[PDB]
Amino acid sequence: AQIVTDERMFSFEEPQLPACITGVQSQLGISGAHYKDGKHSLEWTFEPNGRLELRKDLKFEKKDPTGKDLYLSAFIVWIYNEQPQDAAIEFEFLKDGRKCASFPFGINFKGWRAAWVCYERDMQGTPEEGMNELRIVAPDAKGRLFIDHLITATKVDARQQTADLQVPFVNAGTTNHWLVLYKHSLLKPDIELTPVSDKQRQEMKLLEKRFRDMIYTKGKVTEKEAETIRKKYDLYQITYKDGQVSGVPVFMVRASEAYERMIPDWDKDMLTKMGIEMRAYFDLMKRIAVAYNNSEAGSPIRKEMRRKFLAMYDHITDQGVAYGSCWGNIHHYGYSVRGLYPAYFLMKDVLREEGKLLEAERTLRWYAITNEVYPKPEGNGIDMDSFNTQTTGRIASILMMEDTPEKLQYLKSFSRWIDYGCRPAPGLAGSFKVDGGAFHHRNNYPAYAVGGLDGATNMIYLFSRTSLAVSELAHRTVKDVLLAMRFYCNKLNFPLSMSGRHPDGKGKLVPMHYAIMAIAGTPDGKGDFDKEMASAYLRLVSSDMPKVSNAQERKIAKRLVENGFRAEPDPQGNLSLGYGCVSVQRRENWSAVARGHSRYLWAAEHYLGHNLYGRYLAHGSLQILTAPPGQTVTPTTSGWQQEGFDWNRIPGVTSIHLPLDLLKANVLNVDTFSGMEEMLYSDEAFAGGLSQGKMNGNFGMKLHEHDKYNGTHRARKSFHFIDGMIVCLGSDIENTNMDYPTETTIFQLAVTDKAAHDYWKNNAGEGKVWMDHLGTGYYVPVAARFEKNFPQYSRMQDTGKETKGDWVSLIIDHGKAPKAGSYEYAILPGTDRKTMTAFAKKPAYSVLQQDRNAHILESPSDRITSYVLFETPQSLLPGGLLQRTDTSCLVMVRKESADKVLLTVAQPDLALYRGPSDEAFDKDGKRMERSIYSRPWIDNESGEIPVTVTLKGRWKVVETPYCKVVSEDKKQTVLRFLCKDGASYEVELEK
Ligand SMILES: [Ca+2]
């Protein structure tokens, strides 16, 4: 049966020809030899310059004059050619006598090709409402064509029609990355052609082995697997008639958009529901290709799978999956075509034997848009989504080629593309950053990074230890990103604040990335294995020879253990992500992760039905990820679950406690640069941390909630990470909300097991000293309120459905509409009762100042002075050594002895733009919501900011490109730091 029956739809399934179709100097007939729908098509056998005339009301309708409806009326056909001709058909559309619109259609192809052409945009001339004739003018030569699936005119999503070799003129304006297969296939290389050397030929052989092993591992073909294959394959009804291939027509899902304005009950996924879509088809081909490689040479099953693969190949190529073919509409083809590339690659040698390899090679190159690899990168970094989706297809298509100089040129081009793609990207752009941050949607986004890393990681390894290897810079950048991720995840899970739009506590890092990079070798190429990567890997899969599921990962892991590699100890020290506004302190097995936001970096991503209540995720959050020594750190072990969680009381934040219906994100489409999303960045540049000797550090932020919600709410918050202690300081907390209280939350923890319930039965706890059921201590000198809510009510992050759980909370109660609120408390994770009582009697720190100007603090035992300087300090700074500062910044001083001092400085202002905050103001003076994508500075290089420090006494320093001594006398020593990227710059001082 033909899908969709309509007066405008010509499918030729009737025994007699339609009376309205007549042929001039040509013969017409119903043929069953080729068909795109039903079981028949129109055979049009023509003499030179013969016409095919369809005399019926074409039912073209002019575009909506109001502009409300953007759909354009389109003509749609499928043409079949048995004999390719270096010529073109002309399509003519006439009202009564005269032609109004026309378009050319190339016929230099074998098989089915489509054309979706919009009357108003893509056609020559001007279309008219009421035209009632279709002419198909043949070229000045004889030949034959089969016509099927002809829709005269119907309204269609105007964005989606794609150009190819048959219709290069279609949608000339578009820059849609999905639709530019033809445009970008025309691109030419700039890397010069060279012949292939013996070493280079062996290297290409090596990339193929590496790639085959990557997508495939030898296995067994079960009787069940074989029966499933036969059942799925038979439904396609692939058969041969007089040398011609036919079978059930296969479309890619979006081809349904043709019938959108045609059927009342339209379903976008109707073709998938019919088993007629491409994903299933190419999935089966992969399935069969795998089965062939898992069978003994000369066996009946191997011959059977070889036979089935080729039959499926012939049919899909006949249907139009070939070079220079885009089926009229190709948007979002990526997902349907995922199986294509591995299926064809696994079947290289057999395709060559059949004389079909060159063809196969070209179709892969076409659909992977491999020529996009030709251009010289203009800068560092590419879209994370490129690494995520474009790597597999492109590399497979290149490995399909014969060992020719053209293949080497492609390889050189591909390596160059990956190389610059991995390099530190500027601003909020690219993929990877100098400090280890990984960007997508213009912030650090682990959930997306994870997918992008798959590509980058796999391609680095593929090209590794070879003349085509990527630069040290590219290799080290990705390595550092992975090392950072291992640091801020604990053990494998993303922290809550870094969950993006999925705060479900499920997102994890991928151990594979580490194992792949371990066998990639050191970034310089001098080491066969990467030691840091290997031991990082073995920690992440440590059981507590490891146990793993994925076959190719198990192979690598076996190699690493045999080569004597052991698991990492839990990473120690301090991380500061300038790109992402995150600081992490790590001692023992625990971690403390701080996250804020700036005028460059958004607080939280809100989508429809995703992350409804996460407004406060970056309001200076501080999550403690922990577990009893010996057990793996999990959100569950760190005292977090989704059900029952008070979304207002994100650990560490200063926020106004709202009812969930008021806390929910009011998601809007704010401008043309975005969709239904909320991504709120502040108007303050001062947010970030410093990292001293990768061991300790501090964090500071000027918190300022967006005017969309509680815009009066602002605060100065700081974190000070000294050894196994995190001291939290706050001042200048203020808002004008008199309906709901402002709170900083010391901790909010889930009570799950029996032992947790028994611990809280009467635990007071004191006193100036608290200790939870997870073994972490809290020194709280200020007045604080304790809540034991068994149970506590909340809602799901996505669905909003009511959830409950047993929760325990300690909060610092600022009033309703505070004027100048403040707090001071310290967190010591993985401690004991004894240390805590001793800490209460003699705190290991002393506050030097705590106001709008600065939060300064020292620890005599650790020999450390911490400076969070919010403003230029007009006055002599406390501490004894650091006297004055040029501009608002972060400083930390460590005293080795009276003679040796370690000085470290950071400038949290990323400086993507230089002036006052980029803002669009209201009639009343409120900040207007504008999506980050709309800002013109999002790709800017981080600006250099000079920071000058004044130090007491004579000091000698070794000069660096980033640190210079400016002025010097008997009393003072001033130094100038050249700051970038929110990075931490440090120097060693000697008296
Ligand atoms: Ca038909």
So, counting K/R as plus one and D/E as minus one, what does the shell of residues with Cβ under 12 Å around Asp96 add up to?
+1
Proximal charge balance of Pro405 [Cβ under 12 Å; K/R count +1, D/E count -1]:
-1
Any of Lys841/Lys900; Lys506/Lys761; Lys491/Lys547 with alpha carbons more than 19 Å apart? Name them for me.
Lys841/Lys900; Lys506/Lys761
At a Förster radius of 35 Å, what calculated FRET efficiency corresponds to the Cβ-Cβ distance of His184 and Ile938, to the nearest 0.05?
0.90
Straight-line reach from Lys220: which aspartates and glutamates fall under 15 Å, measuring Cα to Cα and dropping same-chain residues less than 8 apart?
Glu296
Per its Cα gyration tensor (rounded if a/c is under 1.5, else prolate when a/b beats b/c, else oblate), the range 596-707 is best filed as oblate
Give the cross-link partners of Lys923 among the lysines, using a straight C-alpha distance below 27 Å as the criterion and excluding same-chain residues fewer than 8 apart.
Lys664, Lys702, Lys708, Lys819
Arranged from highest to lowest average of other beta-carbon atoms within 10 Å per residue, in what order do the peptides 405-417, 475-487 appear?
475-487, 405-417
Cα-projected label distance for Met695 with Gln83, points at 7 Å along beta-carbon direction, nm
8.4
Dipole size in debye (nearest 20) for the chain around its Cα centre, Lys and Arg Cβ +1, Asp and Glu Cβ -1?
2380
Using a Förster distance of 51 angstrom, determine the FRET efficiency expected from the C-beta separation of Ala898 and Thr632, and round it to 0.05.
0.70
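Rank-order 754-767, 4-17 by packing density, defined as the average count of other C-beta atoms within 10 Å over each peptide's residues, highest first. Present the calculation step by step, with values, prior to reporting the outcome.
On the way: 754-767: 12.3, 4-17: 15.0.
Averaged packing, sorted descending, gives the order 4-17, 754-767.
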Which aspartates and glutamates have a Cα less than 19 Å from the Cα of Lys952, not counting those fewer than 8 places away in the same chain?
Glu858, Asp886, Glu896, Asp899, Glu968, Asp969, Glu986, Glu988, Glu990
Mean ellipticity per residue at 222 nm, deg cm²/dmol - from DSSP H runs of n ≥ 4 across the chain, formula -39500 (n - 2.57):
-6500 deg cm²/dmol
Within a Cβ distance under 13 Å of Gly381, other residues only, what is the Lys/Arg minus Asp/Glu net charge?
-3
On a full-extension model of 0.36 nm per residue, what is the gain between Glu227 and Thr45, subtracting their alpha-carbon distance, rounded to one decimal in nm?
61.2 nm
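Can you flag which of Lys895/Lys956; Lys479/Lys558; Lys68/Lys99 are past 18 Å Cα-Cα?
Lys479/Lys558; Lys68/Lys99, as the Cα separations exceed 18 Å there.
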Ordering of 876-887, 265-276, 204-215, 323-334 by packing [mean C-beta count within 10 Å, highest first]
323-334, 876-887, 204-215, 265-276
Rounded, prolate or oblate: which fits the range 37-193 when a ≥ b ≥ c are the square roots of the eigenvalues of the alpha-carbon gyration tensor, with rounded for a/c under 1.5 and prolate only if a/b beats b/c?
oblate
Tell me whether the chain comes out rounded, prolate or oblate; compute the Cα gyration tensor, take square roots of the eigenvalues as a ≥ b ≥ c, and use a/c under 1.5 as the rounded threshold.
prolate
If you average the sequence gap of Cα pairs under 8 Å that are 6 or more apart and divide by the length of the range 285-417, what percent do you get for the contact order?
25
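Each reported figure results from applying straightforward, stated rules to the coordinates on display, with no laboratory input. All Cβ positions, even for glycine, are placed from backbone atoms using ideal geometry, and neighbour counts span all protein chains on display.
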